[PDB]
Amino acid sequence: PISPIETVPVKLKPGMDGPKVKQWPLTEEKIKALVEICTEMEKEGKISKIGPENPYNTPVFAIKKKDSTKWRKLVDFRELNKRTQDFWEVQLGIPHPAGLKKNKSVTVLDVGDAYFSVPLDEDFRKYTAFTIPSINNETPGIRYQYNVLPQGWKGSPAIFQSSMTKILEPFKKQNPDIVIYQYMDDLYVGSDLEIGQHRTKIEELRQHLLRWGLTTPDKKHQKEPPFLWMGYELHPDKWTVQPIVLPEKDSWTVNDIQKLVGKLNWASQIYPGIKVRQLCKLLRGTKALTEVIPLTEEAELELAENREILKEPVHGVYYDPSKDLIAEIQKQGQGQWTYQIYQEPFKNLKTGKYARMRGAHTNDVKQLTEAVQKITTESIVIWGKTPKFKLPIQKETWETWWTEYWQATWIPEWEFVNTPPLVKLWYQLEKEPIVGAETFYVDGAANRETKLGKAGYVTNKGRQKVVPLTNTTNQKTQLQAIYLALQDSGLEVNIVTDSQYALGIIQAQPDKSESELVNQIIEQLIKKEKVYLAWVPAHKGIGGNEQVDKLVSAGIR
Amino acid sequence: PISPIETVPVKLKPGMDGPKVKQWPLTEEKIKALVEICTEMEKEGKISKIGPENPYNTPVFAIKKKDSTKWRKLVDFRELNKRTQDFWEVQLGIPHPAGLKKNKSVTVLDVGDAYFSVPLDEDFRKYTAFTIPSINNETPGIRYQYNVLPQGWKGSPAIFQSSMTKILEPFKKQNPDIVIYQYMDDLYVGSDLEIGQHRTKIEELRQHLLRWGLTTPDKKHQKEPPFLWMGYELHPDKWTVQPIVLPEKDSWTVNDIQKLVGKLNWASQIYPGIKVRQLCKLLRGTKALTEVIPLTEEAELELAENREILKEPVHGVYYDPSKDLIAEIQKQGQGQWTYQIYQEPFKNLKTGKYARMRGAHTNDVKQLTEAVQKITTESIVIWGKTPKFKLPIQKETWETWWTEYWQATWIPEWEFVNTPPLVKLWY
Ligand SMILES: C[C@H](Sc1nc(N)cc(Cl)n1)c1cc2ccoc2cn1
């Protein structure tokens, strides 16, 4: 049929005219097929004969259906879609199974010939005009226009889902207990009723839809879970991902590692512990898709654990609105974080992992906070409320980091949970100068045209070194000079730098970086017992600064 | 509300199209609050559902009045206000009295509900489309557009300007020394009267409003008085600038003086006249940071004279009505926050502070949102425009929590910066 529902008014983008593409010559076979197809559509209202100078035209084709059983009419709307107004998005998101409440019965029904069952705004039909050519373009040709939603048109998905929402409203109101989800052609219907009263209510729905131009399956329902939707396997009782299977082959091409990494990332939302760090490292560097990549030891091991984790099936439970959400985060290898979300201890609703670097220079406390934000945001989308956290960090450690960090930091209600590795700061810069500690006035200059710079220091105890460097930035010499002061230094040391750049990095207590130097400066800082860092303006003849500035700048600087 | 009227025709700034801003995910309780509210506004014809043919979107949120268990709808019209600037800024701009900032008291009254009396040009309604999202994307999500003037759009005060003049007229004529100013949704009323007489004149002004259907209980509905005094009153004439402070210790270590020389050096690119030449004192050579040091005579003078310049209006800086106002906030610790307002870096038009003040809560985001409202409010009083904020926080953490503590009906521009180790130099 053609739903009696009102139509959605539509226009063409501002200051544009309908499409007018020439119809390319078609062979006899393709022509006869198109006629046989259009004629049929013409009998059901889908299309109508036109003619009288409808300047508009869209090219058509016809191709052999699967296995080559029947022809299919292909309408290339590229030109029209461009001249068509923009619409609201059909979906700005996708339900996550874990956010689904537990239901007793669930069946899915697909609307047959969806688009063709919905009228097209009369004032727009004139633009969907196309023509069936006559043999070797001798005579005119048959001309039609659409009366319903065309297959490849820009507005079919939007208008259809919106038409369906209106058609479904009345039924929903009279059935608060029935849950309905629209996904393209499909309509998902669930409830906590009995398979008997459920199928009763189902039929009642088919009828409601039929009174509206929409036909649905009889007992071809395709219902009866498990359902396979968007890579998931939904049961009324639980959920998991489609079955994952790892290749197990001798050599691996880039293409194979990518498919593998994709599968693992997908599995990581219910299967805890999944790691792809070592596997992802191998894809680094522009490599051809067919290139074989030797697996390294780590990779082997990582792939190994993953196979282990995947052997026994795991499922996720559904959401109970009456209980709290508990999220627990564990620290895996450096930078790698994993988490589980449940309501009743260990019956996971969802799983996940966070690794994202987020700028060079960072520390477990900042990463843990970032992981907490991802999870917080995610929870709001899926369940509409934040979870209570369980983190591997002492209330004290957290308290001392938040209170002294320049950035504003909050964190939802949490509790400590002793699950090594625990998170901690690996060193603390002193707030005041260390008395009876050698002071190092470090500095560093560098020639821009040459690149040869000298890094060095001068102490109040008379000591003074100055090593040269090749191919270094003014910034590196400053990071190099601090590195020195820490090396030839005792457990306690006062360092005076004139480099704000260095001050910023070090001052944030980073326990990992991308600069090769910064990682070494971190090792030193850890071995110390007291380190005091202070800053002064460069080139202002400050006491000690100029002293070093001299035997550092001398010779290109 | 008030009778119809030829809808003032509006138009976007050509070369620009309506807003298409994504809706930030909301918590269940806020979503519910919103459908109730929107269901009522619908029954009253304020808004109407719309179809997919409308490609526009402006985000919406829900805040609490003044802890009042009554939710309020907040629409983020920042984008729309930007593509409509021509309209409300030049075409129908509203003047800003310079006297307001000098008043002893300024009471802020919410007059937003008044906008729902007037209808919006039908050809402009499509641009005000917003969307009520749903949990876990389980359903399409209710879409709407306004039929009357919306509350967070700068177009609304502009248009209503005509009515507001008729309404206040009798009150203005009878009280020539009371300053009234309108800034999108709110009315700023100021007088040099004594608190008792002021509060009394505000009551009188509400009676006038009331006759045009503008019941305006202020301070954002006071249903539970914690420290609530009256109806939300500001005291501008007592807003003082925050100077750049120089220590006054009894002992000066090499470190203490090095730090002193640093803050001063920086304070040279701002506050012309500052000098520290006679101050590079004993920091000549290579002494231990510890080693305490005496004090020169030139120094005492240096220090003394510099702090005179600082703690004063940076000679040469003037507000430029055309350029945007920028506000920067630094986290000082212990519930302390410093901020500066300027148009051109380090050329402060104003600096200040904000503290827990024997209250507030251990949430940084909490304090920070409170600081932003305080600063934006002062900015509206003094200049008539809001500043763009450089917030020292993670975009995600902010976007997730700000509405949780927000109470104003406007939203300022904000970008997330990363604070340099300047801090030590408060300003
Ligand atoms: C209407 C049903 S409610 C439902 N509840 C369960 N416990 C299990 C299943 Cl299978 N369905 C539904 C199905 C889907 C599929 C994707 O997103 C959806 C949103 N809602």
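- As summarised from the PDB record, the model derives from X-ray crystallography at a stated resolution of 2.80 Å.

- In the nomenclature of the PDB entry, chain B is known as POL POLYPROTEIN of Human immunodeficiency virus 1.

- Going by what the PDB entry lists, chain A is known as POL POLYPROTEIN and is assigned to Human immunodeficiency virus 1.

## Considerations on the overall build of chain A
Stage number 1. If you tally the helices and strands in chain A, you get 13 helices and 21 strands.
Stage number 2. Radius of gyration (C-alpha) of chain A: 34 Å, far over the 24 Å computed for a compact globule of 557 residues.
Stage number 3. Judged by the C-alpha coordinates and their principal axes, chain A covers about 100 × 60 × 50 Å.
Stage number 4. Considering only residue pairs separated by 6 or more positions, chain A has 70% of its internal contacts joining residues 24 or more positions apart.

## Digging into the overall build of chain B
Stage number 1. Counting secondary structure elements, chain B contains nine helices and 16 strands.
Stage number 2. Considering only contacts within chain B whose residues lie at least 6 apart along the sequence, 73% involve residues at least 24 apart.
Stage number 3. Accessible area of chain B: about 19,900 Å², with a carbon and sulfur share of 53%.

## Focus: the site of the ligand
Residues and elements named next belong to chain A.
Stage number 1. Taken together, the neighbourhood of the ligand is formed by 16 residues, with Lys 101, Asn 103, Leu 234, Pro 236 and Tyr 318 sitting nearest.
Stage number 2. The contact in question runs from a nitrogen atom of the ligand to an N or O atom on the side chain of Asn 103, over 3.4 Å.
Stage number 3. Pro 236 places a main-chain nitrogen or oxygen 3.4 Å from a nitrogen atom of the ligand.
Stage number 4. About the coverage of the ligand: the protein hides 98% of its 470 Å² of free accessible area.
Stage number 5. If you list the elements that add at least two residues to the shell around the ligand, you get β7 (179-183), β8 (186-191) and β9 (227-229).
Stage number 6. Counted by class, the shell around the ligand contains eleven nonpolar, three polar and two charged residues.
Stage number 7. Looking at the shell around the ligand, you find at least three residues from each of domain 2 (91-115 + 157-225) and domain 3 (226-319).

## As for the pattern of salt bridges
Stage number 1. Per the counting criterion, the structure on display carries 50 salt bridges over all chains.
Stage number 2. Across the pair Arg 206 of chain A and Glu 203 of chain A runs a salt bridge whose closest N-O atoms are separated by 2.8 Å. In this pair, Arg 206 of chain A and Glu 203 of chain A both sit in helix α4 (residues 195-210), three residues apart, roughly one turn of the helix.
Stage number 3. Residues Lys 390 of chain B and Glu 328 of chain B are paired through a salt bridge, measuring 3.7 Å at the closest nitrogen-oxygen approach. With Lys 390 of chain B in strand β15 (residues 388-391) and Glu 328 of chain B in strand β12 (residues 326-333), this residue pair connects regions lying 62 residues apart in the sequence.

## Structural notes on the interface of chain B and chain A
The figure often quoted for interface size is the accessible area lost as the parts come together.
Stage number 1. Counting residues at the interface gives 57 residues for chain B and 69 residues for chain A.
Stage number 2. Of the roughly 5,100 Å² buried between chain B and chain A on both sides combined, carbon and sulfur atoms contribute 56%.
Stage number 3. Together, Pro 52, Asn 136 and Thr 286 of chain B form the three largest contributors to the area buried by chain B at its contact with chain A, with a combined 13%.
Stage number 4. At the junction of chain B with chain A, the criterion picks out five salt bridges.
Stage number 5. A salt bridge links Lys 20 of chain B to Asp 86 of chain A; the nearest nitrogen and oxygen atoms lie 3.4 Å apart.
Stage number 6. Linking chain B to chain A there are 23 residue pairs in polar contact.
Stage number 7. Sorting the residues of the side of chain B that touches chain A by element identifies α6 (254-266), β12, α8 (364-383) and α9 (395-401) of chain B as the ones contributing at least two each.
Stage number 8. No other element matches α6 of chain B, which puts six residues into the side of chain B that touches chain A.
Stage number 9. Considered class by class, the residues forming the side of chain B that touches chain A number 23 nonpolar, 22 polar and twelve charged.

## Here's the deal with the domain arrangement of chain B
Residue and element names in this part refer to chain B.
Stage number 1. The domains assigned to chain B are domain 1 (1-93 + 116-156), domain 2 (95-115 + 157-239), domain 3 (240-316) and domain 4 (317-417).
Stage number 2. A straight line from the C-alpha centre of domain 1 to that of domain 4 covers 25 Å.
Stage number 3. Residue-level contacts link 15 residues of domain 1 with 13 residues of domain 4.
Stage number 4. There are two salt bridges connecting domain 1 and domain 4.
Stage number 5. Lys 30 is the partner of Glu 404 in a salt bridge, and the nearest nitrogen-oxygen pair spans 3.2 Å.
Stage number 6. For the interface between domain 1 and domain 4, the tally reads four residue pairs in polar contact.
Stage number 7. Among the elements of the structure, β2 (60-64), β3 (71-75) and α2 (78-83) are those that each provide at least two residues to the side of domain 1 that touches domain 4.

## So, the sheet that holds strand β12 (residues 326-331) of chain A
Residues and elements named next belong to chain A.
Stage number 1. Within the open sheet, the five strands sit side by side as β14-β13-β12-β15-β16. Their pairing is mixed. Each having just a single partner strand, β14 (348-354) and β16 (414-416) make up the two edges of the open sheet. On average, each strand axis in the sheet is tilted by 20° relative to the strand beside it, whichever way the strands run.
Stage number 2. Pairing between strand β13 (residues 337-342) and β14: six bridges, direction antiparallel. Counterpart to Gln 340 in the pairing with β14 is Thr 351.

## Let's talk about unusual backbone geometry
Residues and elements named next belong to chain A.
Stage number 1. In this chain, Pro 225 is followed by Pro 226 through a cis amide linkage whose omega measures 0°.
Stage number 2. Relative to the elements of secondary structure, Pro 226 occurs in the loop between α4 and β9.
Stage number 3. The omega angle of the peptide bond from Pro 420 to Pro 421 is 0°, so this bond is cis rather than trans.
Stage number 4. Here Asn 137, not a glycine, exhibits a phi torsion of approximately 35°, which is positive.
Stage number 5. Structurally, the position occupied by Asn 137 is in the loop between β5 (130-132) and β6 (142-146).
Stage number 6. Unlike most non-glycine residues, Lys 451 shows phi in positive territory, near 90°.
Stage number 7. Along the chain, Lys 451 turns up in the loop between β17 (439-444) and β18 (453-459).
Stage number 8. Overall, the relative accessible area of 40% leaves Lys 451 in the partly exposed class.

Conventions and cut-offs
Residues numbered from 1 in each chain as written, not as in the entry; some residues may be left out. Chains lettered and ligands numbered in written order. Heavy atoms only, no water. Residues with missing side-chain atoms left out of burial classes, pairs and counts. Helix = DSSP H or I, 4+ residues; strand = E, 2+ residues; numbered from the N terminus. Rg over C-alpha atoms; globule rule 2.2 N^0.38 Å. Contact = heavy atoms within 4.5 Å. Areas by Shrake-Rupley, 256 points an atom, 1.4 Å probe, with all protein chains shown as cover. Near = heavy atom within 4 Å. Polar contact = N/O pair within 3.5 Å; in protein donor to acceptor, adjacent residues only side chain to side chain. Nonpolar A, V, L, I, M, F, W, Y, C, P; charged D, E, K, R; others polar. Domains from an automatic or database assignment. Salt bridge = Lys/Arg side-chain N within 4 Å of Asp/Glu carboxyl O. Buried area = accessible area lost by both parts, 1.4 Å probe. Pairing = 2+ DSSP bridges. Axes fitted to C-alpha atoms, helices over the stretch in contact; angles between N-to-C directions. Buried < 20%, exposed > 50% of the residue type's maximum accessible area, 1.4 Å probe, protein only.

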